[PDB]
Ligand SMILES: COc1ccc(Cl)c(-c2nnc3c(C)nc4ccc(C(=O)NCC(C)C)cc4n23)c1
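Given next, in structure tokens, is a single chain: the form deposited without this ligand.
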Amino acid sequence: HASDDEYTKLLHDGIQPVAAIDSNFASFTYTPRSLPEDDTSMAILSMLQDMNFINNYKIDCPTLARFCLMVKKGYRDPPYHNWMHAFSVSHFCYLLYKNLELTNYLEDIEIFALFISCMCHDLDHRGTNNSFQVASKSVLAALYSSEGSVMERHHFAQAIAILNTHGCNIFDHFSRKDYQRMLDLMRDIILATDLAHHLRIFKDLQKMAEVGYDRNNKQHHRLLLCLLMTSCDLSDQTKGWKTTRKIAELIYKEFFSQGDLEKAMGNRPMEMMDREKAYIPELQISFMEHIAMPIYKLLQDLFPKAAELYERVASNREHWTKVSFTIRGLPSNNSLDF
């Protein structure tokens, strides 16, 4: 019946200064997946403290601790879309904040919403995509299919359910106006994680980069938020070869698992979901050239200091070309360690 023991222990000695985590914690070279999972909740508090959102928005620490624990427990354990993914995506948001000086481009509340969105953007993911929800006529599909972005709307709904859980509403004291603004930002930012959305606004993103970002342009704020969210979501591609390789293993383990379920339903899965047809190296090269590289290229055109990011993504693409080892699907052991 010791309901408060868990969060109390987390805050026992206060919030740990971000500088004390790792001297390289705020560098683009840092790999957040290396941090022990049991230390991630405190790391979240550390980043929120460094960005000073707790002071700026008068956030209640105990409530925030409970909220962070709830978000972490809100993730299931599929190979890729788990808490460590949300954690690493959130860390990249922090990196962009520190390295690109986002406070000079976005309003403070927008950056706060972006970080919280990163934490909650994949809540309750089961390892299957939107196409599958519709094909299996799931309860989530029946609920959101009409509006599109089925899983994305579910993730947002789960985030709201957490805020509505006793003792977890970190925005409870907000005025009605600011509360609605925060929930609307979270909705729009999480919805931006749907690739379909990114592809639709891509030309608007290029135009903004072409004419130059304008802090007084409301549309630019919305567009930048979408680009940044996508940038955080695919940040595993900005690390070293070992990370890109490992993440590929996790994502395809998920993709092939879904593909197997589709075949069992009497359906024909897309090639990239079929372990008997997919050739991972080529699929990664395609992903890099058509999705990842263009996103970080845009980021570079807007932020010169983001060049090293685009550079790493391009390098990793090169690595895949030197790997393209010859079999389709994944090895018997489901590993690419070799």
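So that there is no doubt, residue numbering starts at 1 and follows the sequence shown. Throughout, rigid core stands for the largest set of C-alpha atoms superposing within 1.5 Å between the two forms.
Although it is not shown, the form deposited with this ligand bound is what the next lines describe.
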Is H81 one of the residues lying within 4.5 Å of this ligand in the deposited complex, judged by heavy atom distances? yes
Check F28 for me: does it contact this ligand in the deposited complex (non-hydrogen atoms, 4.5 angstroms)? no
Can you tell me whether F287 touches this ligand? I mean in the deposited complex, with a 4.5 angstroms heavy atom cut-off. yes
Given that this ligand is not shown alongside this chain, does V134 nevertheless sit within 4.5 Å of it in the deposited complex, heavy atom to heavy atom? no
Heavy atom within 4.5 Å of this ligand in the deposited complex, from candidates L106, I251, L185, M208, belongs to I251
Contact assignment for this ligand in the deposited complex, among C68, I59, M51, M272, heavy atom within 4.5 Å: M272
Between this ligand and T193, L234 and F255, in the deposited complex, does every residue show a non-hydrogen atom at 4.5 Å or closer? yes
Using a 4.5 Å heavy atom cut-off, which of 112-120, 157-165, 98-106, 193-201 contacts this ligand in the deposited complex? 193-201
Indicate whether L11 shows a C-alpha shift of 2 Å or more between the shown form and the other one, with the rigid core used for the fit. yes
